[PDB]
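Structure data follow from model28.pdb (PDB, N, CA and C atoms):
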ATOM      1  N   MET A   1     153.504  38.738  64.558
ATOM      2  CA  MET A   1     154.486  37.663  64.573
ATOM      3  C   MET A   1     155.464  37.851  65.727
ATOM      4  N   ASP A   2     156.762  37.894  65.433
ATOM      5  CA  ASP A   2     157.763  38.056  66.480
ATOM      6  C   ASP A   2     158.576  39.333  66.345
ATOM      7  N   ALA A   3     159.273  39.519  65.226
ATOM      8  CA  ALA A   3     160.104  40.707  65.064
ATOM      9  C   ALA A   3     159.252  41.962  64.925
ATOM     10  N   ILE A   4     158.053  41.814  64.353
ATOM     11  CA  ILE A   4     157.183  42.961  64.121
ATOM     12  C   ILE A   4     156.791  43.618  65.440
ATOM     13  N   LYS A   5     156.470  42.810  66.453
ATOM     14  CA  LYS A   5     156.117  43.367  67.752
ATOM     15  C   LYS A   5     157.278  44.148  68.350
ATOM     16  N   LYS A   6     158.490  43.594  68.282
ATOM     17  CA  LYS A   6     159.646  44.287  68.839
ATOM     18  C   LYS A   6     159.900  45.596  68.109
ATOM     19  N   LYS A   7     159.760  45.592  66.781
ATOM     20  CA  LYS A   7     159.948  46.823  66.020
ATOM     21  C   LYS A   7     158.903  47.861  66.402
ATOM     22  N   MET A   8     157.659  47.425  66.606
ATOM     23  CA  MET A   8     156.632  48.350  67.079
ATOM     24  C   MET A   8     157.003  48.921  68.443
ATOM     25  N   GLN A   9     157.540  48.083  69.331
ATOM     26  CA  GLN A   9     157.929  48.559  70.653
ATOM     27  C   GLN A   9     159.034  49.600  70.556
ATOM     28  N   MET A  10     159.991  49.390  69.650
ATOM     29  CA  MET A  10     161.020  50.405  69.430
ATOM     30  C   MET A  10     160.403  51.710  68.944
ATOM     31  N   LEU A  11     159.491  51.615  67.976
ATOM     32  CA  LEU A  11     158.825  52.803  67.461
ATOM     33  C   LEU A  11     158.017  53.511  68.540
ATOM     34  N   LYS A  12     157.532  52.774  69.532
ATOM     35  CA  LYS A  12     156.814  53.368  70.652
ATOM     36  C   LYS A  12     157.735  54.002  71.682
ATOM     37  N   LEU A  13     158.899  53.399  71.928
ATOM     38  CA  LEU A  13     159.879  54.019  72.819
ATOM     39  C   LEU A  13     160.334  55.360  72.260
ATOM     40  N   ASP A  14     160.610  55.400  70.955
ATOM     41  CA  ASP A  14     160.905  56.683  70.315
ATOM     42  C   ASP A  14     159.755  57.661  70.498
ATOM     43  N   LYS A  15     158.515  57.178  70.367
ATOM     44  CA  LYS A  15     157.356  58.042  70.543
ATOM     45  C   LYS A  15     157.345  58.670  71.923
ATOM     46  N   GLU A  16     157.468  57.843  72.958
ATOM     47  CA  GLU A  16     157.397  58.355  74.321
ATOM     48  C   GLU A  16     158.519  59.350  74.589
ATOM     49  N   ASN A  17     159.741  59.012  74.177
ATOM     50  CA  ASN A  17     160.868  59.896  74.464
ATOM     51  C   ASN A  17     160.727  61.230  73.742
ATOM     52  N   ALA A  18     160.351  61.201  72.458
ATOM     53  CA  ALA A  18     160.182  62.445  71.716
ATOM     54  C   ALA A  18     159.063  63.297  72.303
ATOM     55  N   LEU A  19     157.931  62.674  72.638
ATOM     56  CA  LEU A  19     156.809  63.431  73.179
ATOM     57  C   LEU A  19     157.164  64.046  74.525
ATOM     58  N   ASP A  20     157.841  63.280  75.384
ATOM     59  CA  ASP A  20     158.245  63.801  76.684
ATOM     60  C   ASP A  20     159.212  64.964  76.537
ATOM     61  N   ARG A  21     160.179  64.839  75.622
ATOM     62  CA  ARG A  21     161.110  65.935  75.393
ATOM     63  C   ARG A  21     160.396  67.177  74.886
ATOM     64  N   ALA A  22     159.432  66.998  73.979
ATOM     65  CA  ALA A  22     158.681  68.135  73.471
ATOM     66  C   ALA A  22     157.923  68.839  74.589
ATOM     67  N   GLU A  23     157.241  68.065  75.434
ATOM     68  CA  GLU A  23     156.482  68.664  76.529
ATOM     69  C   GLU A  23     157.406  69.404  77.493
ATOM     70  N   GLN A  24     158.547  68.792  77.829
ATOM     71  CA  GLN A  24     159.483  69.431  78.746
ATOM     72  C   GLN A  24     160.036  70.721  78.161
ATOM     73  N   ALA A  25     160.370  70.713  76.868
ATOM     74  CA  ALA A  25     160.846  71.936  76.229
ATOM     75  C   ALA A  25     159.772  73.018  76.246
ATOM     76  N   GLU A  26     158.511  72.636  76.024
ATOM     77  CA  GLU A  26     157.432  73.621  76.049
ATOM     78  C   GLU A  26     157.284  74.238  77.435
ATOM     79  N   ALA A  27     157.381  73.413  78.477
ATOM     80  CA  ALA A  27     157.345  73.939  79.841
ATOM     81  C   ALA A  27     158.522  74.875  80.100
ATOM     82  N   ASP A  28     159.702  74.515  79.589
ATOM     83  CA  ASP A  28     160.872  75.374  79.738
ATOM     84  C   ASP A  28     160.645  76.725  79.073
ATOM     85  N   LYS A  29     160.070  76.723  77.872
ATOM     86  CA  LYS A  29     159.793  77.978  77.178
ATOM     87  C   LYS A  29     158.825  78.837  77.975
ATOM     88  N   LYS A  30     157.765  78.218  78.497
ATOM     89  CA  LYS A  30     156.803  78.974  79.298
ATOM     90  C   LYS A  30     157.483  79.622  80.496
ATOM     91  N   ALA A  31     158.286  78.849  81.231
ATOM     92  CA  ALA A  31     158.956  79.389  82.410
ATOM     93  C   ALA A  31     159.928  80.510  82.042
ATOM     94  N   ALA A  32     160.734  80.304  81.001
ATOM     95  CA  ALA A  32     161.735  81.297  80.625
ATOM     96  C   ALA A  32     161.080  82.594  80.167
ATOM     97  N   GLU A  33     160.016  82.494  79.367
ATOM     98  CA  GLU A  33     159.352  83.705  78.893
ATOM     99  C   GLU A  33     158.670  84.440  80.042
ATOM    100  N   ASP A  34     158.099  83.705  81.003
ATOM    101  CA  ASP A  34     157.538  84.380  82.170
ATOM    102  C   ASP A  34     158.621  85.123  82.941
ATOM    103  N   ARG A  35     159.784  84.488  83.112
ATOM    104  CA  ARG A  35     160.908  85.166  83.752
ATOM    105  C   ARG A  35     161.259  86.461  83.027
ATOM    106  N   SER A  36     161.398  86.389  81.703
ATOM    107  CA  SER A  36     161.797  87.567  80.937
ATOM    108  C   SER A  36     160.781  88.693  81.071
ATOM    109  N   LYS A  37     159.490  88.367  80.977
ATOM    110  CA  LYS A  37     158.478  89.419  81.028
ATOM    111  C   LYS A  37     158.380  90.037  82.420
ATOM    112  N   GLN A  38     158.560  89.241  83.480
ATOM    113  CA  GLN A  38     158.589  89.830  84.814
ATOM    114  C   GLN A  38     159.789  90.757  84.987
ATOM    115  N   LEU A  39     160.942  90.368  84.433
ATOM    116  CA  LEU A  39     162.096  91.264  84.480
ATOM    117  C   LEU A  39     161.828  92.565  83.734
ATOM    118  N   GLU A  40     161.156  92.475  82.586
ATOM    119  CA  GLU A  40     160.820  93.672  81.821
ATOM    120  C   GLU A  40     159.882  94.587  82.607
ATOM    121  N   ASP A  41     158.915  94.000  83.316
ATOM    122  CA  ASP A  41     158.034  94.803  84.165
ATOM    123  C   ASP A  41     158.811  95.495  85.282
ATOM    124  N   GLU A  42     159.758  94.776  85.892
ATOM    125  CA  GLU A  42     160.615  95.398  86.905
ATOM    126  C   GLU A  42     161.395  96.565  86.316
ATOM    127  N   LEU A  43     161.909  96.395  85.096
ATOM    128  CA  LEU A  43     162.605  97.477  84.411
ATOM    129  C   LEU A  43     161.699  98.681  84.202
ATOM    130  N   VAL A  44     160.445  98.437  83.810
ATOM    131  CA  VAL A  44     159.491  99.527  83.599
ATOM    132  C   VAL A  44     159.245 100.288  84.897
ATOM    133  N   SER A  45     159.028  99.559  85.996
ATOM    134  CA  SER A  45     158.816 100.226  87.273
ATOM    135  C   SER A  45     160.044 101.035  87.678
ATOM    136  N   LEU A  46     161.242 100.530  87.369
ATOM    137  CA  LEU A  46     162.447 101.302  87.661
ATOM    138  C   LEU A  46     162.503 102.575  86.828
ATOM    139  N   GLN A  47     162.090 102.501  85.564
ATOM    140  CA  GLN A  47     162.034 103.709  84.738
ATOM    141  C   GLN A  47     161.094 104.742  85.348
ATOM    142  N   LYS A  48     159.923 104.296  85.806
ATOM    143  CA  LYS A  48     158.961 105.227  86.401
ATOM    144  C   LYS A  48     159.504 105.832  87.693
ATOM    145  N   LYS A  49     160.158 105.016  88.519
ATOM    146  CA  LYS A  49     160.768 105.542  89.737
ATOM    147  C   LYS A  49     161.856 106.556  89.416
ATOM    148  N   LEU A  50     162.663 106.273  88.388
ATOM    149  CA  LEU A  50     163.657 107.235  87.936
ATOM    150  C   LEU A  50     162.991 108.533  87.501
ATOM    151  N   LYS A  51     161.835 108.426  86.843
ATOM    152  CA  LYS A  51     161.112 109.621  86.413
ATOM    153  C   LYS A  51     160.648 110.447  87.608
ATOM    154  N   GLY A  52     160.107 109.780  88.630
ATOM    155  CA  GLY A  52     159.726 110.497  89.835
ATOM    156  C   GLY A  52     160.906 111.160  90.523
ATOM    157  N   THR A  53     162.041 110.458  90.581
ATOM    158  CA  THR A  53     163.248 111.040  91.155
ATOM    159  C   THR A  53     163.714 112.244  90.351
ATOM    160  N   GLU A  54     163.609 112.172  89.020
ATOM    161  CA  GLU A  54     163.974 113.307  88.177
ATOM    162  C   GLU A  54     163.059 114.500  88.431
ATOM    163  N   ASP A  55     161.770 114.244  88.661
ATOM    164  CA  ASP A  55     160.844 115.331  88.972
ATOM    165  C   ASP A  55     161.195 116.004  90.297
TER
ATOM    166  N   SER B 229     134.387 -26.039  48.611
ATOM    167  CA  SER B 229     135.340 -25.751  49.681
ATOM    168  C   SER B 229     136.477 -24.869  49.179
ATOM    169  N   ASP B 230     136.999 -25.174  47.987
ATOM    170  CA  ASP B 230     138.075 -24.355  47.435
ATOM    171  C   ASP B 230     137.612 -22.917  47.209
ATOM    172  N   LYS B 231     136.424 -22.751  46.631
ATOM    173  CA  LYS B 231     135.915 -21.405  46.385
ATOM    174  C   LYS B 231     135.698 -20.652  47.691
ATOM    175  N   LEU B 232     135.207 -21.344  48.722
ATOM    176  CA  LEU B 232     135.035 -20.715  50.028
ATOM    177  C   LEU B 232     136.362 -20.228  50.577
ATOM    178  N   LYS B 233     137.406 -21.053  50.475
ATOM    179  CA  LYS B 233     138.715 -20.624  50.955
ATOM    180  C   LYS B 233     139.194 -19.381  50.216
ATOM    181  N   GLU B 234     139.038 -19.362  48.887
ATOM    182  CA  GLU B 234     139.479 -18.210  48.109
ATOM    183  C   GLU B 234     138.736 -16.942  48.526
ATOM    184  N   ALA B 235     137.410 -17.035  48.631
ATOM    185  CA  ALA B 235     136.616 -15.865  48.994
ATOM    186  C   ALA B 235     136.959 -15.375  50.397
ATOM    187  N   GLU B 236     137.162 -16.303  51.334
ATOM    188  CA  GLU B 236     137.524 -15.905  52.692
ATOM    189  C   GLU B 236     138.865 -15.190  52.705
ATOM    190  N   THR B 237     139.837 -15.688  51.934
ATOM    191  CA  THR B 237     141.138 -15.027  51.878
ATOM    192  C   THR B 237     141.013 -13.607  51.333
ATOM    193  N   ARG B 238     140.249 -13.438  50.247
ATOM    194  CA  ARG B 238     140.116 -12.099  49.683
ATOM    195  C   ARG B 238     139.385 -11.164  50.646
ATOM    196  N   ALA B 239     138.382 -11.679  51.366
ATOM    197  CA  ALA B 239     137.667 -10.848  52.329
ATOM    198  C   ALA B 239     138.568 -10.440  53.488
ATOM    199  N   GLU B 240     139.413 -11.358  53.957
ATOM    200  CA  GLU B 240     140.347 -11.020  55.030
ATOM    201  C   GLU B 240     141.333  -9.949  54.582
ATOM    202  N   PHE B 241     141.852 -10.071  53.355
ATOM    203  CA  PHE B 241     142.733  -9.024  52.848
ATOM    204  C   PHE B 241     142.004  -7.691  52.764
ATOM    205  N   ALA B 242     140.738  -7.715  52.341
ATOM    206  CA  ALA B 242     139.966  -6.479  52.263
ATOM    207  C   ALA B 242     139.791  -5.844  53.639
ATOM    208  N   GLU B 243     139.529  -6.666  54.655
ATOM    209  CA  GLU B 243     139.423  -6.148  56.020
ATOM    210  C   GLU B 243     140.736  -5.512  56.464
ATOM    211  N   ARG B 244     141.852  -6.185  56.200
ATOM    212  CA  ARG B 244     143.148  -5.625  56.570
ATOM    213  C   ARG B 244     143.398  -4.300  55.856
ATOM    214  N   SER B 245     143.049  -4.237  54.571
ATOM    215  CA  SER B 245     143.249  -3.011  53.802
ATOM    216  C   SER B 245     142.403  -1.869  54.338
ATOM    217  N   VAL B 246     141.141  -2.141  54.688
ATOM    218  CA  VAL B 246     140.304  -1.061  55.208
ATOM    219  C   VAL B 246     140.804  -0.613  56.578
ATOM    220  N   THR B 247     141.354  -1.532  57.378
ATOM    221  CA  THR B 247     141.964  -1.120  58.639
ATOM    222  C   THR B 247     143.147  -0.187  58.397
ATOM    223  N   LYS B 248     143.993  -0.529  57.422
ATOM    224  CA  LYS B 248     145.129   0.328  57.108
ATOM    225  C   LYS B 248     144.668   1.700  56.629
ATOM    226  N   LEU B 249     143.640   1.732  55.777
ATOM    227  CA  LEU B 249     143.138   3.005  55.275
ATOM    228  C   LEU B 249     142.540   3.847  56.395
ATOM    229  N   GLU B 250     141.815   3.217  57.325
ATOM    230  CA  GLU B 250     141.242   3.973  58.433
ATOM    231  C   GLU B 250     142.341   4.540  59.326
ATOM    232  N   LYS B 251     143.413   3.777  59.549
ATOM    233  CA  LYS B 251     144.527   4.325  60.316
ATOM    234  C   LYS B 251     145.177   5.497  59.589
ATOM    235  N   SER B 252     145.354   5.375  58.271
ATOM    236  CA  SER B 252     145.963   6.456  57.506
ATOM    237  C   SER B 252     145.108   7.720  57.554
ATOM    238  N   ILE B 253     143.791   7.570  57.413
ATOM    239  CA  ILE B 253     142.930   8.742  57.468
ATOM    240  C   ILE B 253     142.923   9.331  58.870
ATOM    241  N   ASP B 254     143.047   8.497  59.907
ATOM    242  CA  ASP B 254     143.193   9.038  61.252
ATOM    243  C   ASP B 254     144.446   9.895  61.361
ATOM    244  N   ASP B 255     145.561   9.401  60.819
ATOM    245  CA  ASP B 255     146.813  10.153  60.875
ATOM    246  C   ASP B 255     146.681  11.490  60.155
ATOM    247  N   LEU B 256     146.102  11.470  58.954
ATOM    248  CA  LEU B 256     145.996  12.700  58.179
ATOM    249  C   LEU B 256     144.989  13.666  58.792
ATOM    250  N   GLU B 257     143.922  13.152  59.401
ATOM    251  CA  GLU B 257     142.999  14.014  60.128
ATOM    252  C   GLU B 257     143.687  14.681  61.311
ATOM    253  N   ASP B 258     144.521  13.935  62.037
ATOM    254  CA  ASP B 258     145.271  14.533  63.134
ATOM    255  C   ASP B 258     146.221  15.613  62.635
ATOM    256  N   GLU B 259     146.877  15.363  61.500
ATOM    257  CA  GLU B 259     147.770  16.367  60.928
ATOM    258  C   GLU B 259     147.002  17.627  60.539
ATOM    259  N   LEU B 260     145.826  17.460  59.934
ATOM    260  CA  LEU B 260     144.992  18.613  59.606
ATOM    261  C   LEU B 260     144.544  19.341  60.867
ATOM    262  N   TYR B 261     144.259  18.605  61.942
ATOM    263  CA  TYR B 261     143.921  19.245  63.208
ATOM    264  C   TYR B 261     145.076  20.097  63.709
ATOM    265  N   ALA B 262     146.299  19.571  63.620
ATOM    266  CA  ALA B 262     147.464  20.331  64.055
ATOM    267  C   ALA B 262     147.634  21.599  63.224
ATOM    268  N   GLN B 263     147.453  21.496  61.909
ATOM    269  CA  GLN B 263     147.603  22.684  61.070
ATOM    270  C   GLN B 263     146.485  23.694  61.312
ATOM    271  N   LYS B 264     145.273  23.219  61.590
ATOM    272  CA  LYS B 264     144.187  24.119  61.964
ATOM    273  C   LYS B 264     144.511  24.846  63.262
ATOM    274  N   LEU B 265     145.101  24.134  64.227
ATOM    275  CA  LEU B 265     145.574  24.787  65.440
ATOM    276  C   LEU B 265     146.631  25.836  65.113
ATOM    277  N   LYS B 266     147.518  25.523  64.167
ATOM    278  CA  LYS B 266     148.546  26.477  63.755
ATOM    279  C   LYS B 266     147.921  27.755  63.204
ATOM    280  N   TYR B 267     146.921  27.611  62.330
ATOM    281  CA  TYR B 267     146.284  28.798  61.764
ATOM    282  C   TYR B 267     145.527  29.575  62.831
ATOM    283  N   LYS B 268     144.848  28.869  63.738
ATOM    284  CA  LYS B 268     144.170  29.540  64.839
ATOM    285  C   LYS B 268     145.153  30.364  65.655
ATOM    286  N   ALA B 269     146.295  29.770  66.002
ATOM    287  CA  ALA B 269     147.290  30.472  66.803
ATOM    288  C   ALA B 269     147.871  31.667  66.058
ATOM    289  N   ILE B 270     148.158  31.515  64.762
ATOM    290  CA  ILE B 270     148.785  32.613  64.034
ATOM    291  C   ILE B 270     147.796  33.762  63.847
ATOM    292  N   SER B 271     146.527  33.450  63.575
ATOM    293  CA  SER B 271     145.525  34.498  63.476
ATOM    294  C   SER B 271     145.318  35.186  64.817
ATOM    295  N   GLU B 272     145.333  34.414  65.905
ATOM    296  CA  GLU B 272     145.211  35.003  67.234
ATOM    297  C   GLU B 272     146.380  35.932  67.533
ATOM    298  N   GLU B 273     147.598  35.525  67.171
ATOM    299  CA  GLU B 273     148.765  36.371  67.407
ATOM    300  C   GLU B 273     148.701  37.640  66.566
ATOM    301  N   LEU B 274     148.248  37.527  65.313
ATOM    302  CA  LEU B 274     148.099  38.709  64.484
ATOM    303  C   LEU B 274     147.065  39.663  65.067
ATOM    304  N   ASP B 275     145.955  39.120  65.576
ATOM    305  CA  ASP B 275     144.957  39.954  66.230
ATOM    306  C   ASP B 275     145.516  40.601  67.492
ATOM    307  N   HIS B 276     146.340  39.866  68.242
ATOM    308  CA  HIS B 276     146.951  40.441  69.435
ATOM    309  C   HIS B 276     147.871  41.595  69.078
ATOM    310  N   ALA B 277     148.681  41.424  68.032
ATOM    311  CA  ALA B 277     149.534  42.519  67.577
ATOM    312  C   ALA B 277     148.692  43.699  67.116
ATOM    313  N   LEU B 278     147.586  43.423  66.423
ATOM    314  CA  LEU B 278     146.709  44.488  65.962
ATOM    315  C   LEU B 278     146.118  45.271  67.129
ATOM    316  N   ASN B 279     145.641  44.575  68.162
ATOM    317  CA  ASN B 279     145.029  45.280  69.281
ATOM    318  C   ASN B 279     146.075  46.016  70.105
ATOM    319  N   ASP B 280     147.275  45.442  70.240
ATOM    320  CA  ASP B 280     148.347  46.145  70.936
ATOM    321  C   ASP B 280     148.739  47.418  70.202
ATOM    322  N   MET B 281     148.849  47.352  68.870
ATOM    323  CA  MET B 281     149.280  48.527  68.117
ATOM    324  C   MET B 281     148.187  49.586  68.068
ATOM    325  N   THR B 282     146.927  49.168  67.913
ATOM    326  CA  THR B 282     145.832  50.128  67.926
ATOM    327  C   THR B 282     145.634  50.726  69.313
ATOM    328  N   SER B 283     145.948  49.966  70.363
ATOM    329  CA  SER B 283     145.817  50.419  71.740
ATOM    330  C   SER B 283     147.152  50.844  72.345
ATOM    331  N   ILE B 284     148.201  50.949  71.532
ATOM    332  CA  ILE B 284     149.539  51.340  71.981
ATOM    333  C   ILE B 284     150.063  50.364  73.033
TER
END
Write out the structure in this file as structure tokens.
Amino acid sequence: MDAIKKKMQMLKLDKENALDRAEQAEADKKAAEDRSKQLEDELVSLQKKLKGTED
Amino acid sequence: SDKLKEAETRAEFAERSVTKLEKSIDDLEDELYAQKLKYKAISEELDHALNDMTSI
């Protein structure tokens, strides 16, 4: 009819916005966790270098 | 002669009446055509909404 189509369009705009936000948040999580794990690896290498210096 | 006049008058009235009835049935047939167009359009719009929603 008439109002039904507009209501469906609203329900679809919500769909697109929610899905896009979810995808963007997932990408953010991937990037942040990669950052953290690379920092942890750098910390490990520093520990090993400290061990060599102690030797 | 009198009977002929009477019969001719009744036949003329009958012709006029059938003309009126044929015009009336034409009008009502046209109205039914319009309503059939209405149902065709509303079913088409419902199908369009259905295909849009199923196809996003």
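Taken over the whole file, the ChimeraX specification (/B :<8) & /A covers exactly residues 1, 4, 5, 8 and 12 of chain A.
From atom C of residue 247 (chain B) back to CA of residue 230 (chain B), the distance works out to 27.0 Å.
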* **Length of the atom C of residue 258 (chain B) to atom N of residue 2 (chain A) vector [Å]** =>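 So the two atoms, atom C of residue 258 (chain B) and atom N of residue 2 (chain A), lie 24.8 Å apart.
Atom N of residue 234 (chain B) sits 27.8 Å away from atom C of residue 251 (chain B).
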If the box runs along x, y and z of the file and leaves 4 Å on each side of region 258-265 of chain B, what are its centre and edge lengths in Å, one decimal, as lines of an AutoDock Vina configuration file?
center_x = 145.8
center_y = 19.9
center_z = 62.5
size_x = 11.8
size_y = 19.9
size_z = 13.8
